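Enquirer: Sequence order for the protein chains is A and A'. A prime marks a further copy of an entry chain.
Just so you know, the first sequence maps onto residues -1 to 103 in the authors' numbering.
Just so you know, the second sequence maps onto residues -1 to 103 in the authors' numbering.
2 protein chains.
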Amino acid sequence: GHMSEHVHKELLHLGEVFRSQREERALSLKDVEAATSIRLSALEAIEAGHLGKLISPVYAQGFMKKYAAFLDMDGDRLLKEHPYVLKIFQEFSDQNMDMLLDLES
Amino acid sequence: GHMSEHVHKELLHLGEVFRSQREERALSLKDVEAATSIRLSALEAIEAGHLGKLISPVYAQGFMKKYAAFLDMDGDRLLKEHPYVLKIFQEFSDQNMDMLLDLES
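(1) Rounded to whole angstroms, what is the Cα-Cα separation between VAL83 (chain A') and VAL5 (chain A)?
(2) From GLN19 (chain A) to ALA46 (chain A), what does the alpha carbon distance come to, in whole angstroms?
(3) Does the count of Cβ pairs from the stretch 86 to 95 of chain A' and the stretch 42 to 58 of chain A' closer than 8 Å reach three?
(4) How many angstroms separate the CA atom of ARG37 (chain A) from the CA atom of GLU31 (chain A)?
(5) If the cut is a Cβ gap below 9 Å, which residues of chain A' does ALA24 (chain A) touch?
(6) If you measure from the beta carbon of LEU99 (chain A) to each beta carbon in chain A', is any gap under 8 Å?
(7) Quick one: what's got a C-beta closer than 7 Å to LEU10 (chain A')'s C-beta in the same chain, skipping five residues either side?
(8) Answer with yes or no whether the minimum CB distance from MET95 (chain A') to chain A is below 8 Å.
(9) Should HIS0 (chain A') go down as buried or exposed, given a rule of 16 or more other Cβ atoms within 10 Å for buried?
(10) With a cut-off of 8 Å on the beta carbons, I'd call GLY73 (chain A) and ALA67 (chain A) a contact; round off their distance for me.
(11) Flag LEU27 (chain A) as yes if its beta-carbon sits less than 8 Å from any beta-carbon of chain A', otherwise no.
Structure, rendered in structure tokens:
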């Protein structure tokens, strides 16, 4: 609706502000990731103005998975052994999706 | 209540699994951040089992601020020029806090 249309228009404009400034400096997205340690996928989503890619992840879940992999643990198994944590990450993920859906309405 | 008590107990245990494995390898949290590019604050929150520190941030807002600073832009001003984006980040932040509050109830 009206609100979501303004949000998406602003996100596109904002993404172009970032991209323009990056391109002025002749840097790649990978250069920015190196300097800032902001993940490439997040930088891409910012420049594209993509709300879902920005808001949908349960970022803590991903941090746990990545940390587990670095430590040679099976993060999927580890989180399954913590079913209350696992369920709440699922619930937060579904909440993120609901909120994205409601914004459109 | 019952559910939140299990969640917090599991998060503490999970954090100790991570810390134990890290310490076995004699790595610091900063070493892990270097290898994984997971922010130190996120690693700390995982090891401490701190739900609020994990779930409360609107991570995209922080990514935008950090990217803006790297590009010598005032991220606060930039987001204020996008009031629909700014308002929704505030709304997501308040939602995260509400959900944390409700879990306890």
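Even for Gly, the Cβ is constructed at its ideal location relative to N, Cα and C.
Expert: Let's see:
(1) Rounded to whole angstroms, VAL83 (chain A') to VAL5 (chain A) spans 6 Å at the Cα level.
(2) The alpha-carbon of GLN19 (chain A) is positioned some 14 Å away from that of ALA46 (chain A).
(3) yes
(4) 6 Å
(5) Under the 9 Å cutoff, chain A' gives no residues; its nearest Cβ is about 13 Å from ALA24 (chain A).
(6) So no, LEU99 (chain A) is outside the interface.
(7) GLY47
(8) no
(9) exposed
(10) 6 Å
(11) no
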